[PDB]
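Just the one chain here, laid out as structure tokens, in the form deposited in one PDB entry.
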């Protein structure tokens, strides 16, 4: 049973105006769309079920995880529709762009970095409290509203802890951002997300994660074997220490999301999310390029 499945008489090509492609996630392409009843903009993931071979269960799991989340920091799921062989999956649209998009005009300042990290941490705190693990935290999966609100996206590989399975062992994620214990397929939990957050912090500061120049298969040994990455360059000591705190090889040595919300880098530098509109405006004016 697929949570939020609508009446199969409903025609999504009638109910929604499909616009441009805006992304490609772990499973399926995502489009901008208009809800023709409300005129609100939505994000629509479209899946050809006739093609999908092993990914239908994955697609279903993603929708299930989203449907179980109710947070200002997690993309909303509205429902799903069928048009012949294609599944239209209707979700929240955030018009500011991903944090990675917003990096294209130039570097972030540490106030922007701290603000974005703080909001990511609020989302992680929510998820981890629900015993969920995102497992694909990276700047491309951090979306901003046109007002500067920051939300987590793409739950395509998200994990669920239960009283039966206290830990996971699945090899999932995006290689450069994956925790060493995930790569080794040791037993892991929400601390894996804290490692990915540290990598994302480096990404927000420098524009790319560590090892970005290498073939992803090399991280299969590099991340488990090497000392953890550090933030190199002219950045504040609290930011460098924030990164170090996240990027410890031992998961029990990483702070919780809740704890990092009080980290000196966050408290000293983060400001109102509304200020992030400057970053969104910067990107709009920048992509006014021929």
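Residue numbers count along the first chain shown, from 1. Throughout, rigid core stands for the largest set of C-alpha atoms superposing within 1.5 Å between the two forms.
Although not depicted, the form deposited in another entry is the subject of the following passage.
Asker: Superposing on the core, which single option in 236, 26, 248, 64 has a CA shift of 2 Å or more between the shown form and the other one?
Answerer: Once the cores are aligned, the residue moving by 2 Å or more is 26.
Asker: Residue 82: after superposing the rigid core, is there a C-alpha shift of 2 Å or more between the shown form and the other one?
Answerer: Residue 82: C-alpha displaced by 2 Å or more between the shown form and the other one.
Asker: Could you check, with the core superposed, whether the Cα atom of residue 39 shifts 2 Å or more between the shown form and the other one?
Answerer: Indeed, residue 39 is displaced by 2 Å or more.
Asker: Using a rigid core superposition, assess whether residue 278 undergoes a CA shift of 2 Å or more between the shown form and the other one.
Answerer: After core superposition, the C-alpha of residue 278 moves less than 2 Å between the shown form and the other one.
Asker: Shorter or longer C-alpha distance for residue 181 and residue 26 in the other entry, given it differs from this form by 3 Å or more?
Answerer: Farther apart, which means the C-alphas of residue 181 and residue 26 are at least 3 Å more distant in the other entry.
Asker: Report the direction of the Cα distance change between residue 63 and residue 10 in the other entry, compared with the displayed form, as closer or farther; the change is 3 Å or more.
Answerer: Compared with the form shown here, the C-alpha atoms of residue 63 and residue 10 sit closer together in the other entry, by 3 Å or more.
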